[PDB]
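Mapping of the sequence shown onto the authors' numbering: residues 1 to 364, in sequence order. We put the beta carbon where it would ideally sit given N, CA and C, even for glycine. Accompanying notes for the structure given below.
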Amino acid sequence: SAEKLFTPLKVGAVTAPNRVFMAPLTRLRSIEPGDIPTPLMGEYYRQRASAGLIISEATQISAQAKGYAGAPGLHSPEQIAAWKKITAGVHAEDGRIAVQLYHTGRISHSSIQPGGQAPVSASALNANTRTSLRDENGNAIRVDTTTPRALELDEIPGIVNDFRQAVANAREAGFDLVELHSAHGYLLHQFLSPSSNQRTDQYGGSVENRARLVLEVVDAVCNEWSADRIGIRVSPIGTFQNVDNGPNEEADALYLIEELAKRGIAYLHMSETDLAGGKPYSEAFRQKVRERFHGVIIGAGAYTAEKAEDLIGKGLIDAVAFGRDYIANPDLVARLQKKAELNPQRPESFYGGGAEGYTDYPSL
Ligand SMILES: Cc1cc2nc3c(=O)[nH]c(=O)nc-3n(C[C@H](O)[C@H](O)[C@H](O)COP(=O)(O)O)c2cc1C
Ligand SMILES: O=[N+]([O-])c1cc([N+](=O)[O-])c(O)c([N+](=O)[O-])c1
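Dropping the structure here:
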């Protein structure tokens with residue numbers, strides 16, 4: 001009964017009524033062709049609209065940005081039109097929704113790239129992981145990633161412009177905020193990490209060079225919309241989908257966070273550990289982050305409500321994003337508030353398929 005989870009929080013331009021956020025969750029149920037959000041997706045999001053803030057599944061900024069069969073995009077008219085329905089449905093329920101925008105870079109497969117060609121990255125190094133394709137029956141299948149081509153220097157302004165344009169499209173589509181996906185070994189993170197970035201131009205080497213692209217993107221989208229509409233997800237300590245953060249991860253993380261603070265953006269979303277686990281954040285490191293960033297800090301990664309209360313109470317974070325508990329509990333806020341039991345998770349239906357394991361987890 002004590003409790004800060006159920007108190008309001010100003011998040012840039014909007015106000016969440018509680019601190020229980022829905023983490024971005026790739027579910028691979030979009031229509032192909034066209035990578036189009038669906039009415040079923042609308043329903044799923046509408047069921048969860050009691051969240052303080054919903055953060056959408058990763059959404060491609062361009063066709064080249066596509067990594068997964070069934071992931072949606074936000075570049076085409078049909079995508080914009082479908083997303084508008086989805087956000088209206090969330091708003092119909094007095095919810096708020098951020099779109100997570102990404103470019104997958106090297107976590108992709110030639111068969112879903114334009115012209116069937118190699119995906120792009122900082123450097124020509126395979127991700128050494130799998131993405132998800134669809135088979136002949138439309139079912140999700142995990143397949144090894146295709147080796148990428150290194151971006152040419154003269155292609156980089158295009159990538160920045162695709163982010164900027166996607167953010168314009170997000171504003172039109174009715175999202176409340178945008179979250180740039182600079183985590184989890186996707187394109188922005190592929191530049192940030194020395195493991196994935198062997199460039200010798202101004203986009204690789206030093207931490208200032210490795211953070212250049214993400215900071216260009218931040219600046220571009222701040223300019224396009226408003227800094228109080230922009231959040232960012234980072235995963236800068238540990239290893240995430242085979243991408244570590246190099247041999248100076250803490251100092252490099254703090255450099256990036258100082259840079260982001262200067263832009264006055266709505267929020268910093270920290271993905272603390274990979275689904276396969278990692279070492280917990282020290283409170284010392286939490287305090288170093290806190291003093292470097294003056295907006296909202298969202299924590300994520302196998303959180304319990306207790307851990308969330310403990311850390312908000314300590315003044316170290318403002319909110320928590322829950323992932324898998326959100327898949328299985330559309331009314332998670334109510335269940336956490338009432339200390340109800342949660343629905344059991346069905347991980348076999350996290351990716352692909354239809355309504356089963358998607359919209360069929362009941363509320364109280
Ligand atoms: C099915 C699944 C899909 C995910 N998709 C994304 C994604 O789209 N973007 C992202 O940044 N993280 C993604 N994640 C990570 C979640 O946002 C979250 O950080 C993770 O599940 C850890 O929190 P949890 O223990 O509360 O589930 C995904 C996780 C799972 C289980
Ligand atoms: O498996 N997945 O399909 C998946 C997808 C995304 N994403 O943004 O496209 C992630 O960030 C994560 N993630 O790292 O947790 C997983």
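C-beta contact flag for residue i and residue j at 8 Å
i: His75; j: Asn169; result: yes
i: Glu272; j: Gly301; result: yes
i: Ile230; j: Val214; result: no
i: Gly352; j: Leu28; result: yes
i: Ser56; j: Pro17; result: no
i: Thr26; j: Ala71; result: yes
i: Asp144; j: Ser195; result: no
i: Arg19; j: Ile312; result: yes
i: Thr147; j: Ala124; result: yes
i: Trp225; j: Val160; result: no
i: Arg106; j: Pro114; result: no
i: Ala127; j: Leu151; result: no
i: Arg212; j: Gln202; result: yes
i: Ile54; j: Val90; result: yes
i: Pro344; j: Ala321; result: no
i: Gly34; j: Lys85; result: no
Closer than 7 Å: residue i CB and nearest ligand 1 heavy atom
i: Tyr303; result: yes
i: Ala69; result: no
i: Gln100; result: yes
i: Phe350; result: yes
i: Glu57; result: yes
i: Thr15; result: no
i: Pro119; result: no
i: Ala300; result: yes
i: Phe163; result: no
i: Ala166; result: no
Distance cut-off 7 Å: residue i Cβ against heavy atoms of ligand 4
i: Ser30; result: With respect to small molecules bound, the structure shown includes ligand 1 and ligand 2 and not ligand 4.
Collapsed DSSP secondary structure at residue i in the structure displayed
i: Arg286; result: helix
i: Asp144; result: strand
i: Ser271; result: strand
i: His189; result: helix
i: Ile36; result: strand
i: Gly116; result: helix
i: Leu256; result: helix
i: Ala334; result: helix
i: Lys10; result: strand
i: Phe350; result: coil
i: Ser132; result: strand
i: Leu364; result: coil
i: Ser182; result: strand
i: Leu177; result: strand
i: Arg46; result: helix
i: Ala16; result: strand
i: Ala302; result: coil
i: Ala65; result: coil
Residue i - partner residues in DSSP beta bridges
i: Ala92; result: DSSP lists no partner for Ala92.
i: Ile55; result: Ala98
i: residue 451; result: Because the chain here runs from 1 to 364, residue 451 falls outside it and cannot be looked at.
i: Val296; result: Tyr267
i: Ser121; result: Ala150
i: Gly73; result: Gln60
i: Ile31; result: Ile36
i: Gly231; result: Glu179, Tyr267
i: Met22; result: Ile54, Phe322
i: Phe240; result: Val243
Residues near residue i by beta carbon distance below 6 Å, same chain, minus five either side
i: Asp228; result: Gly12, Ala13, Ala266
i: residue 386; result: The chain is shown from 1 up to 364; residue 386 falls before or after that span and cannot be answered.
i: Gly357; result: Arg346, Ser349
i: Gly323; result: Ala23, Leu25
i: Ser363; result: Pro330, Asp331
Residues near residue i in its chain [Cβ-Cβ closer than 8 Å; skip 5 each side]
i: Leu268; result: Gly231, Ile232, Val234, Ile257, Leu260, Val289, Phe293, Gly295, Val296, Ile297, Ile298
i: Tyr326; result: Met22, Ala23, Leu25, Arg48, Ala51, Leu332
i: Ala140; result: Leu28, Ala69, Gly70, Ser132, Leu133, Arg134, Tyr351, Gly352, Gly353
Any non-hydrogen atom of ligand 2 closer than 7 Å to residue i Cβ
i: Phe240; result: yes
i: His184; result: yes
i: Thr129; result: no
i: residue 405; result: Not covered by the structure: residue 405. The range shown for the chain is 1 to 364.
i: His189; result: no
i: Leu53; result: no
i: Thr7; result: no
i: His269; result: no
Neighbourhood of residue i by C-beta, 7 Å cutoff - its chain only, sequence neighbours within 5 removed
i: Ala183; result: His189, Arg233, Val234, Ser235, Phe240, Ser271
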